[PDB]
Every structure is written in C-alpha cells, then in structure tokens.
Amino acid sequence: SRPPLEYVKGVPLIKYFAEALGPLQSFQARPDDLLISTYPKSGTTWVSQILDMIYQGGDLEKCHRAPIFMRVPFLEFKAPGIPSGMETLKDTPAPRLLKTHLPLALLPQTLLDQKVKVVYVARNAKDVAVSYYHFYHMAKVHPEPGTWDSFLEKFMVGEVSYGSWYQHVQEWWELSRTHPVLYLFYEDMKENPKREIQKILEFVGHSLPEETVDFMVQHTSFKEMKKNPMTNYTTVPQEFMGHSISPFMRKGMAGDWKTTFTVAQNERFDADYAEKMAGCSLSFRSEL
C-alpha cells in the first residue's frame, strides 16, 4: 500500500528496487549484452518491443512467446509475489536484451567494463512529467502522487522514483561520447518510426528487407502495442498495476503536455529548465 521512497547514494528509489540492488551486485555482463536505458516514461517499452522483434528476425509469432517484461529482464526490478529481474535473467538466453532506469551512480560497473552496447531513449521533460504522474496512479509500488501541482514540484527537484530527469538525460548524453550508445529521442520515433528503426538496425549491425521493416513499423505503433497483451502490461496482478486507474499504454503522443500544464506551471517550469540545461549540445522538442 504505497511505501515511501528510499534513498541510495543520492538516488530516490522504489523500496523493492533498492532491495533488489543487493542481489544485483553479482550480475556479470557479457560483451554481447545490449542495454536499454531510459529515465522512466521515455519510450522503454516501445524500443524494447522494436529491439526484441529485431532479435527475432522480424517475426511476430516469436515475440508472443512471453510478455515483454519476461523477454527483457528489468535489472533492478523486484516486487512482492513477482520474480525479480535478476531471477528472470537466469532463464534469458544470449544475446540478451536488458532494461534499466538506473542513474550512472548506481549502474552495475560490469556493463561499462564489458563495453555493452546501449540504446538510450530520451523524451521531452514535460511529456515525461505528465506521463509519470498518471503512472504513479496506476503503478501501486510508487508513493502517493498527490495533486498534479505538487507532483510537478517534486519532479523538478528530482524527488520522484529514480531522481532527476535533468541529470539522467545529461549524464547519459555525456557517456555517449565515450561508450557505444545510440542516443534516441521519443519525438523522433514519433515523427518517423521507420527512420529510427533503421537507425537501431544499423547500431546492432543487422540488415532487414524493407518489407520486414514496414512490418515492424506497424507492429510497434502505439495502437498495435496498446491492444497486444504481451506489450500493454494487462497480464500483471491488479494489486501491482491497476489498468482501470490508468492504462500503461495511455496516449502515446508528443505535445499533449499542453492539456495538463497550466500557464503558471509552464512559466515556472521554463525558467527552471533554462537554469538546469544551461549549457547543452543536447536539445529537445516539446511538440510535432
């Protein structure tokens, strides 16, 4: 019933995920692992499904084996009456696709040392905040969200599960200068998914015929993913995720934060964002 966050090295975390970090210290990466890394609500499930269809040669018979959360072990995950990501990892064959939201301050150092390829997805802060707010309501391991205005204040000082968005997107953007990281944007995927799939294909070093890429484009669109039981999280216990409170596949839009942010909230957020992202080669689009 909505436990408080726990701080581990400056990072606020779901308490079961904090507990999960102990067993995870004995995780050993493989030169052929591939890590999907995002701040929450930035496109994790979307890119996981794309990467997993690439892994199965574009066939969809093969992606229905089990849910996405079984096919792509979530490193730090754990919950009551649900297998930890470390547990699920035991039964995952190489080459493995792995998922995390851990800041670099917590990331198993084995992944950097083994030079593990990373697919990093970033999304504009305002859509992430709105998506995160609704997520808190359905995903019951999170503390109480509160009102949207108070949730928004928490999001700006990084007092939410996994801490600061502004730091996450910046530190992984720096990492990409020195480590194999394909650094993607949710808004790009939204604008031209085929182009982004072709980018992911080239990073993992596969080629596919164009028909298979079109097939993948269709089967990873918001509407297909919303109705697919394997990707929409409807198979987990109600005590864990309340689908009738807010579906995991909620809207899938770039730019709809405008229907949630008030004008005062926007002005404050914009002033704060400019202090935080002061210098940056890194930039985001709020809208298409």
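In this text, residue numbers run from 1 along the sequence as written.
K.L.:
Using only C-alpha atoms and the B-factors in the entry, which stretch averages higher, 58-66 or 241-249?
P.N.:
The stretch with the larger average C-alpha B-factor is 58-66.
K.L.:
What stretch has the higher average Cα B-factor here, 185-193 or 76-84?
P.N.:
So the stretch with the higher mean C-alpha B-factor is 76-84.
K.L.:
According to the deposited entry, which of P108, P209, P180, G163 has the largest Cα B-factor?
P.N.:
Largest recorded C-alpha B-factor: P209.
K.L.:
Of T234, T38, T45, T262, which one's C-alpha B factor is largest in the deposited record?
P.N.:
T234 has the highest C-alpha B-factor of those listed.
K.L.:
Check where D52 lands among this chain's C-alpha B-factors and tell me if it's the lowest, middle or highest third.
P.N.:
For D52, the deposited C-alpha B-factor lands in the middle third.
K.L.:
Can you tell me which third, lowest, middle or highest, the CA B-factor of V11 falls into for its chain?
P.N.:
Within its chain, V11 is a lowest-third residue by C-alpha B-factor, going by the deposited values.
K.L.:
Taking the values exactly as deposited, rank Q218 by C-alpha B-factor within its chain and report the matching third: lowest, middle or highest.
P.N.:
For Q218, whose C-alpha B-factor we compare with every modelled residue in the chain, the answer is the highest third.
K.L.:
By the recorded C-alpha temperature factor, relative to the other modelled residues in its chain, which third is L34 in?
P.N.:
Bottom third by C-alpha B-factor.
K.L.:
According to the PDB entry, is the CA B factor of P143 in the bottom, middle or top third of its chain, that is, lowest, middle or highest?
P.N.:
Middle third.
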